[PDB]
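**Q** File name final02.cif; file contents mmCIF, N, CA and C atoms; full text below.
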data_model
loop_
_atom_site.label_atom_id
_atom_site.label_comp_id
_atom_site.auth_asym_id
_atom_site.auth_seq_id
_atom_site.Cartn_x
_atom_site.Cartn_y
_atom_site.Cartn_z
N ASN T 1 20.42 22.40 23.60
CA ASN T 1 21.29 22.36 24.80
C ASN T 1 20.48 22.88 25.94
N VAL T 2 20.46 24.22 26.10
CA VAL T 2 19.64 24.94 27.05
C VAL T 2 18.22 24.80 26.60
N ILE T 3 18.03 24.69 25.26
CA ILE T 3 16.77 24.51 24.60
C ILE T 3 16.19 23.22 25.08
N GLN T 4 17.04 22.16 25.07
CA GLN T 4 16.66 20.86 25.52
C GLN T 4 16.34 20.89 26.98
N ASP T 5 17.15 21.60 27.80
CA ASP T 5 16.98 21.63 29.23
C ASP T 5 15.65 22.21 29.59
N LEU T 6 15.29 23.37 28.98
CA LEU T 6 14.03 24.02 29.25
C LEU T 6 12.90 23.17 28.79
N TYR T 7 13.04 22.59 27.57
CA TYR T 7 12.03 21.85 26.85
C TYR T 7 11.61 20.70 27.70
N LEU T 8 12.65 20.00 28.22
CA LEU T 8 12.54 18.79 28.98
C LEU T 8 11.83 19.15 30.25
N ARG T 9 12.33 20.22 30.92
CA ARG T 9 11.97 20.58 32.27
C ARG T 9 10.51 20.95 32.26
N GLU T 10 10.08 21.81 31.30
CA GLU T 10 8.75 22.35 31.23
C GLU T 10 7.78 21.25 30.95
N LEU T 11 8.10 20.40 29.94
CA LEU T 11 7.19 19.44 29.38
C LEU T 11 6.89 18.44 30.45
N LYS T 12 7.96 17.94 31.09
CA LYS T 12 7.89 16.90 32.08
C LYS T 12 7.17 17.37 33.31
N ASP T 13 7.48 18.59 33.78
CA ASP T 13 7.15 18.98 35.13
C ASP T 13 5.80 19.60 35.20
N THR T 14 5.19 19.93 34.05
CA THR T 14 3.87 20.49 34.06
C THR T 14 3.27 19.95 32.82
N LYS T 15 2.04 19.44 32.96
CA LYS T 15 1.31 18.78 31.92
C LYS T 15 -0.10 18.63 32.42
N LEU T 16 -0.35 19.06 33.68
CA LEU T 16 -1.67 19.22 34.23
C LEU T 16 -1.73 20.65 34.65
N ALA T 17 -2.91 21.26 34.44
CA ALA T 17 -3.20 22.58 34.92
C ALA T 17 -4.59 22.47 35.49
N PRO T 18 -5.04 23.39 36.35
CA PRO T 18 -6.41 23.44 36.85
C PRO T 18 -7.42 23.51 35.74
N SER T 19 -8.63 22.96 35.94
CA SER T 19 -9.62 22.91 34.90
C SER T 19 -10.83 22.32 35.55
N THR T 20 -11.73 23.20 36.04
CA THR T 20 -12.95 22.80 36.69
C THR T 20 -14.02 23.46 35.89
N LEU T 21 -14.93 22.63 35.34
CA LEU T 21 -16.05 23.00 34.51
C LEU T 21 -17.03 23.84 35.29
N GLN T 22 -17.18 23.55 36.60
CA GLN T 22 -18.07 24.24 37.50
C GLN T 22 -17.71 25.70 37.62
N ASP T 23 -16.40 26.04 37.69
CA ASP T 23 -15.94 27.42 37.78
C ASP T 23 -16.28 28.20 36.53
N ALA T 24 -16.25 27.51 35.36
CA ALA T 24 -16.59 28.03 34.05
C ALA T 24 -18.00 28.52 33.96
N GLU T 25 -18.93 27.80 34.63
CA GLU T 25 -20.37 28.01 34.62
C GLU T 25 -20.73 29.39 35.10
N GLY T 26 -19.99 29.89 36.12
CA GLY T 26 -20.18 31.17 36.76
C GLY T 26 -19.99 32.28 35.76
N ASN T 27 -19.07 32.07 34.81
CA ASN T 27 -18.63 33.05 33.86
C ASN T 27 -19.44 33.02 32.57
N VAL T 28 -20.45 32.12 32.42
CA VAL T 28 -21.20 32.00 31.17
C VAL T 28 -22.68 32.09 31.48
N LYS T 29 -23.51 32.39 30.43
CA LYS T 29 -24.94 32.56 30.54
C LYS T 29 -25.68 31.24 30.67
N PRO T 30 -26.77 31.14 31.44
CA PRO T 30 -27.47 29.88 31.65
C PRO T 30 -28.54 29.71 30.60
N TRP T 31 -28.74 28.46 30.14
CA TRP T 31 -29.77 28.10 29.20
C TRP T 31 -31.01 27.86 29.99
N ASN T 32 -32.11 28.51 29.57
CA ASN T 32 -33.39 28.38 30.22
C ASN T 32 -34.39 28.42 29.09
N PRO T 33 -35.59 27.87 29.22
CA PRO T 33 -36.42 27.59 28.06
C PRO T 33 -37.29 28.79 27.79
N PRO T 34 -37.82 29.01 26.59
CA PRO T 34 -38.80 30.04 26.28
C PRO T 34 -40.03 29.98 27.15
N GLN T 35 -40.76 31.11 27.22
CA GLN T 35 -41.91 31.28 28.07
C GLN T 35 -42.97 31.81 27.16
N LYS T 36 -44.25 31.67 27.58
CA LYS T 36 -45.40 32.21 26.90
C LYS T 36 -45.56 31.73 25.47
N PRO T 37 -45.78 30.44 25.17
CA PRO T 37 -46.16 29.98 23.84
C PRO T 37 -47.63 30.28 23.57
N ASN T 38 -48.24 31.26 24.29
CA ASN T 38 -49.62 31.71 24.27
C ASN T 38 -50.24 31.71 22.90
N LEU T 39 -51.37 30.97 22.74
CA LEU T 39 -52.21 31.01 21.57
C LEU T 39 -52.87 32.37 21.47
N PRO T 40 -53.01 33.01 20.31
CA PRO T 40 -53.74 34.25 20.10
C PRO T 40 -55.13 34.32 20.68
N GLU T 41 -55.56 35.53 21.10
CA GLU T 41 -56.84 35.78 21.72
C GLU T 41 -57.83 36.06 20.62
N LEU T 42 -59.06 35.52 20.78
CA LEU T 42 -60.10 35.59 19.79
C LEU T 42 -60.98 36.73 20.19
N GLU T 43 -61.31 37.62 19.23
CA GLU T 43 -62.06 38.82 19.50
C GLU T 43 -62.89 39.12 18.30
N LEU T 44 -63.99 39.88 18.56
CA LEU T 44 -64.94 40.41 17.61
C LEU T 44 -65.80 39.32 17.06
N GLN T 45 -66.10 38.33 17.92
CA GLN T 45 -66.97 37.21 17.63
C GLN T 45 -68.37 37.70 17.38
N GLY T 46 -69.10 37.00 16.48
CA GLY T 46 -70.48 37.27 16.15
C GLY T 46 -70.67 38.46 15.25
N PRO T 47 -71.82 38.55 14.58
CA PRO T 47 -72.22 39.71 13.81
C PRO T 47 -72.70 40.83 14.71
N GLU T 48 -72.52 40.73 16.05
CA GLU T 48 -72.89 41.75 17.00
C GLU T 48 -72.11 43.00 16.73
N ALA T 49 -70.79 42.85 16.44
CA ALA T 49 -69.92 43.94 16.11
C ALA T 49 -70.33 44.57 14.80
N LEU T 50 -70.63 43.75 13.77
CA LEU T 50 -71.00 44.21 12.45
C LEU T 50 -72.28 44.98 12.37
N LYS T 51 -73.33 44.52 13.08
CA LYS T 51 -74.63 45.17 13.10
C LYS T 51 -74.47 46.51 13.75
N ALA T 52 -73.65 46.53 14.83
CA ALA T 52 -73.32 47.71 15.58
C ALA T 52 -72.61 48.68 14.68
N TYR T 53 -71.63 48.19 13.87
CA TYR T 53 -70.81 48.99 12.98
C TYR T 53 -71.60 49.58 11.84
N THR T 54 -72.55 48.82 11.23
CA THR T 54 -73.35 49.31 10.13
C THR T 54 -74.17 50.49 10.59
N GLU T 55 -74.78 50.35 11.78
CA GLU T 55 -75.56 51.37 12.43
C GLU T 55 -74.75 52.56 12.90
N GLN T 56 -73.57 52.28 13.52
CA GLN T 56 -72.75 53.23 14.25
C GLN T 56 -72.26 54.36 13.42
N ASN T 57 -71.74 54.07 12.21
CA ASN T 57 -71.29 55.11 11.32
C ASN T 57 -72.48 55.41 10.49
N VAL T 58 -73.01 56.63 10.69
CA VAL T 58 -74.13 57.22 9.99
C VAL T 58 -73.77 57.34 8.54
N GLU T 59 -72.51 57.75 8.27
CA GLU T 59 -72.04 57.91 6.92
C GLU T 59 -71.61 56.53 6.53
N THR T 60 -72.43 55.92 5.66
CA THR T 60 -72.21 54.62 5.12
C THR T 60 -71.88 54.83 3.66
N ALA T 61 -72.04 56.09 3.18
CA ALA T 61 -71.78 56.51 1.83
C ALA T 61 -72.38 57.89 1.70
N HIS T 62 -71.52 58.90 1.47
CA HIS T 62 -71.94 60.26 1.24
C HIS T 62 -70.89 60.88 0.31
N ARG N 106 -77.17 61.37 -12.16
CA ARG N 106 -77.60 60.39 -11.21
C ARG N 106 -77.14 58.99 -11.56
N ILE N 107 -77.19 58.61 -12.86
CA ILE N 107 -76.71 57.34 -13.38
C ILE N 107 -75.27 57.11 -13.04
N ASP N 108 -74.43 58.18 -13.14
CA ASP N 108 -73.02 58.14 -12.82
C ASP N 108 -72.79 57.73 -11.39
N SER N 109 -73.56 58.32 -10.44
CA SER N 109 -73.50 57.94 -9.04
C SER N 109 -73.82 56.48 -8.83
N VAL N 110 -74.92 56.00 -9.45
CA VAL N 110 -75.42 54.64 -9.34
C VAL N 110 -74.45 53.57 -9.78
N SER N 111 -73.74 53.81 -10.91
CA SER N 111 -72.85 52.85 -11.52
C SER N 111 -71.69 52.51 -10.61
N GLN N 112 -71.15 53.53 -9.91
CA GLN N 112 -70.07 53.40 -8.96
C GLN N 112 -70.43 52.45 -7.84
N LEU N 113 -71.65 52.61 -7.29
CA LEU N 113 -72.14 51.91 -6.13
C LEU N 113 -72.35 50.44 -6.43
N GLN N 114 -72.79 50.12 -7.68
CA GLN N 114 -73.00 48.77 -8.17
C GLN N 114 -71.75 47.94 -8.07
N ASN N 115 -70.62 48.49 -8.56
CA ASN N 115 -69.36 47.79 -8.65
C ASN N 115 -68.79 47.58 -7.25
N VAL N 116 -68.96 48.60 -6.37
CA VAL N 116 -68.50 48.65 -5.00
C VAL N 116 -69.06 47.50 -4.22
N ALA N 117 -70.37 47.22 -4.38
CA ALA N 117 -71.16 46.33 -3.57
C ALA N 117 -70.59 44.93 -3.51
N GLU N 118 -70.14 44.41 -4.67
CA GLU N 118 -69.47 43.13 -4.77
C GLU N 118 -68.08 43.17 -4.18
N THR N 119 -67.28 44.17 -4.61
CA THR N 119 -65.84 44.19 -4.46
C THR N 119 -65.43 44.38 -3.02
N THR N 120 -66.25 45.11 -2.24
CA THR N 120 -66.02 45.37 -0.84
C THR N 120 -66.02 44.08 -0.04
N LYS N 121 -66.87 43.10 -0.42
CA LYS N 121 -66.91 41.81 0.20
C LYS N 121 -65.59 41.09 0.03
N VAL N 122 -64.91 41.29 -1.13
CA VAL N 122 -63.60 40.76 -1.41
C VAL N 122 -62.59 41.28 -0.42
N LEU N 123 -62.57 42.61 -0.18
CA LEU N 123 -61.60 43.26 0.68
C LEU N 123 -61.76 42.79 2.09
N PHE N 124 -63.03 42.59 2.49
CA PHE N 124 -63.47 42.16 3.78
C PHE N 124 -62.84 40.84 4.15
N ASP N 125 -62.88 39.89 3.20
CA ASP N 125 -62.30 38.57 3.34
C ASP N 125 -60.81 38.69 3.44
N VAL N 126 -60.21 39.48 2.51
CA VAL N 126 -58.80 39.65 2.29
C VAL N 126 -58.11 40.11 3.54
N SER N 127 -58.73 41.08 4.25
CA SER N 127 -58.21 41.63 5.48
C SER N 127 -58.12 40.57 6.55
N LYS N 128 -59.20 39.77 6.73
CA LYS N 128 -59.24 38.70 7.71
C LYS N 128 -58.28 37.58 7.41
N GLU N 129 -58.06 37.28 6.12
CA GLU N 129 -57.11 36.28 5.67
C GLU N 129 -55.71 36.66 6.06
N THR N 130 -55.35 37.95 5.86
CA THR N 130 -54.07 38.50 6.23
C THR N 130 -53.81 38.37 7.70
N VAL N 131 -54.84 38.68 8.53
CA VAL N 131 -54.80 38.59 9.97
C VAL N 131 -54.51 37.19 10.44
N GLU N 132 -55.04 36.17 9.74
CA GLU N 132 -54.80 34.77 10.02
C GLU N 132 -53.34 34.43 9.94
N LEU N 133 -52.63 34.98 8.93
CA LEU N 133 -51.21 34.77 8.73
C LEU N 133 -50.40 35.22 9.92
N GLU N 134 -50.83 36.33 10.56
CA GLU N 134 -50.19 36.85 11.74
C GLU N 134 -50.40 35.98 12.96
N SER N 135 -51.53 35.25 13.06
CA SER N 135 -51.75 34.28 14.11
C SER N 135 -50.66 33.23 14.10
N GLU N 136 -50.35 32.74 12.88
CA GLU N 136 -49.35 31.75 12.62
C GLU N 136 -47.97 32.32 12.86
N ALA N 137 -47.81 33.63 12.61
CA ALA N 137 -46.62 34.40 12.87
C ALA N 137 -46.21 34.39 14.32
N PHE N 138 -47.17 34.26 15.27
CA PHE N 138 -46.87 34.12 16.68
C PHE N 138 -46.02 32.86 16.91
N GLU N 139 -46.30 31.75 16.19
CA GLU N 139 -45.53 30.52 16.30
C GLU N 139 -44.10 30.73 15.85
N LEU N 140 -43.94 31.48 14.74
CA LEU N 140 -42.69 31.92 14.17
C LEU N 140 -41.89 32.72 15.14
N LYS N 141 -42.54 33.68 15.83
CA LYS N 141 -41.94 34.61 16.76
C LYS N 141 -41.25 33.87 17.87
N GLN N 142 -41.89 32.79 18.38
CA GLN N 142 -41.31 31.99 19.43
C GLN N 142 -40.10 31.22 18.94
N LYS N 143 -40.09 30.78 17.66
CA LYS N 143 -38.94 30.18 17.01
C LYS N 143 -37.77 31.13 16.94
N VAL N 144 -38.01 32.41 16.55
CA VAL N 144 -37.01 33.46 16.46
C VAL N 144 -36.34 33.60 17.80
N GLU N 145 -37.16 33.62 18.88
CA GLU N 145 -36.71 33.80 20.24
C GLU N 145 -35.78 32.70 20.66
N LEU N 146 -36.14 31.43 20.36
CA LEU N 146 -35.44 30.25 20.83
C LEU N 146 -34.06 30.22 20.23
N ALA N 147 -33.95 30.61 18.94
CA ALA N 147 -32.70 30.69 18.23
C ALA N 147 -31.78 31.69 18.83
N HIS N 148 -32.31 32.90 19.16
CA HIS N 148 -31.53 33.93 19.79
C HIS N 148 -30.97 33.51 21.12
N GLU N 149 -31.78 32.85 21.98
CA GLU N 149 -31.35 32.44 23.29
C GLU N 149 -30.25 31.42 23.24
N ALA N 150 -30.42 30.40 22.37
CA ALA N 150 -29.47 29.33 22.19
C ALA N 150 -28.13 29.81 21.73
N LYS N 151 -28.13 30.75 20.76
CA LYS N 151 -26.92 31.35 20.28
C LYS N 151 -26.22 32.15 21.34
N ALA N 152 -26.99 32.83 22.22
CA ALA N 152 -26.44 33.69 23.23
C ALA N 152 -25.72 32.92 24.30
N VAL N 153 -26.34 31.84 24.81
CA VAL N 153 -25.70 30.99 25.79
C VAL N 153 -24.45 30.37 25.24
N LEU N 154 -24.50 29.94 23.96
CA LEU N 154 -23.39 29.31 23.30
C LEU N 154 -22.25 30.25 23.10
N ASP N 155 -22.54 31.54 22.84
CA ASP N 155 -21.53 32.54 22.62
C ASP N 155 -20.77 32.77 23.88
N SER N 156 -21.49 32.79 25.03
CA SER N 156 -20.89 32.94 26.33
C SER N 156 -19.98 31.79 26.67
N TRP N 157 -20.38 30.56 26.28
CA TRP N 157 -19.57 29.39 26.47
C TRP N 157 -18.29 29.46 25.70
#
For the structure just supplied, provide its representation as structure tokens.
**A**
Amino acid sequence: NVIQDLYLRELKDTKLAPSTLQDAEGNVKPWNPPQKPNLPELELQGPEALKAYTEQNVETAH
Amino acid sequence: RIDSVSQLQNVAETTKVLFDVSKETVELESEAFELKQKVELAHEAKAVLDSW
């Protein structure tokens, strides 16, 4: 009765509400791509380090 | 003196093994940098999606 009146009135008279995707964007985090896929740095090239190291530590066995 | 000598004999070979082993391990970490960037990408994607 009154159930029908409200049901009818509500359903009919509102069935669109605001909904803008752009407004949503403000409220959410932005996708941005990773940075620095940097390849590892190469170090201690040559036996220069090794010859230095054999000499450098006097105690090679004591 | 013989006791001292015997130790050094075995060492001489085996140390070369460790030498290689250490560098091999280090190589795995180079590849781990590629992994690290994957970990990052997953975290970012999930985070933006969670906000959505």
**Q** Evaluate the PyMOL selection byres ((chain T) within 6 of (chain N)) here and jot the selected residues down as a PyMOL selection string.
**A** chain T and resi 28-31
**Q** Report, in Å to a single decimal, how far apart atom N of residue 34 of chain T and atom N of residue 147 of chain N are.
**A**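 Separation of atom N of residue 147 of chain N and atom N of residue 34 of chain T: 8.7 Å.
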**Q** So that I can check the secondary structure, give me every residue of segment 10-52 of chain T assigned alpha helix (DSSP H) by backbone DSSP, as a ChimeraX atom specification.
**A** /T:10-13,21-26,48-52
**Q** Generate a file for chain T, containing C-alpha atoms, as a short mmCIF file (atom, residue, chain, number, x, y, z; two decimals), in the first residue's frame.
**A**
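Everything below was put into decode_13.cif:
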data_model
loop_
_atom_site.label_atom_id
_atom_site.label_comp_id
_atom_site.auth_asym_id
_atom_site.auth_seq_id
_atom_site.Cartn_x
_atom_site.Cartn_y
_atom_site.Cartn_z
CA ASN T 1 0.00 0.00 0.00
CA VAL T 2 2.29 2.68 1.42
CA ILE T 3 4.98 0.12 0.60
CA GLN T 4 3.89 0.28 -3.01
CA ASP T 5 3.67 4.09 -2.92
CA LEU T 6 7.22 4.51 -1.65
CA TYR T 7 8.54 1.67 -3.82
CA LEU T 8 6.99 3.16 -6.92
CA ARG T 9 7.97 6.72 -6.09
CA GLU T 10 11.63 5.98 -5.27
CA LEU T 11 12.25 3.55 -8.10
CA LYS T 12 10.68 5.69 -10.76
CA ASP T 13 11.91 9.09 -9.67
CA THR T 14 15.54 8.26 -9.11
CA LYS T 15 17.52 5.75 -11.09
CA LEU T 16 20.38 8.03 -12.08
CA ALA T 17 22.87 9.34 -9.59
CA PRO T 18 26.10 11.33 -10.19
CA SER T 19 29.06 9.23 -11.32
CA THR T 20 32.10 10.88 -12.84
CA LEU T 21 35.20 8.71 -13.20
CA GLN T 22 37.38 11.83 -13.29
CA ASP T 23 36.36 12.81 -9.73
CA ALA T 24 37.32 9.26 -8.62
CA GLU T 25 40.87 9.72 -9.96
CA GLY T 26 41.60 12.45 -7.39
CA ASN T 27 40.85 10.03 -4.58
CA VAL T 28 43.07 7.12 -5.84
CA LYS T 29 46.81 6.52 -6.39
CA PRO T 30 48.32 7.01 -9.89
CA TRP T 31 50.03 4.19 -11.79
CA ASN T 32 53.51 5.15 -12.88
CA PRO T 33 56.21 2.81 -14.15
CA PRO T 34 59.32 1.50 -12.28
CA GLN T 35 62.59 3.42 -12.48
CA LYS T 36 66.24 2.38 -12.49
CA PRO T 37 66.38 -1.09 -14.19
CA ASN T 38 70.18 -0.40 -13.78
CA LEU T 39 72.53 -3.25 -14.71
CA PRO T 40 75.07 -4.08 -11.91
CA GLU T 41 78.42 -2.26 -11.79
CA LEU T 42 81.53 -4.27 -12.62
CA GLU T 43 84.42 -3.95 -10.20
CA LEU T 44 87.73 -5.55 -9.26
CA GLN T 45 88.64 -6.23 -12.88
CA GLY T 46 92.05 -7.76 -13.65
CA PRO T 47 94.57 -9.59 -11.47
CA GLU T 48 95.71 -6.08 -10.43
CA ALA T 49 93.63 -6.44 -7.27
CA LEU T 50 94.89 -10.00 -6.64
CA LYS T 51 98.60 -9.26 -7.04
CA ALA T 52 98.07 -6.28 -4.76
CA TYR T 53 96.20 -8.51 -2.26
CA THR T 54 98.83 -11.30 -2.20
CA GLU T 55 101.48 -8.69 -1.45
CA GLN T 56 99.33 -6.46 0.80
CA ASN T 57 98.65 -8.91 3.59
CA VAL T 58 102.07 -9.87 4.91
CA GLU T 59 100.44 -12.68 6.82
CA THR T 60 99.62 -15.11 4.07
CA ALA T 61 99.96 -17.94 6.62
CA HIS T 62 101.32 -17.77 10.16
#
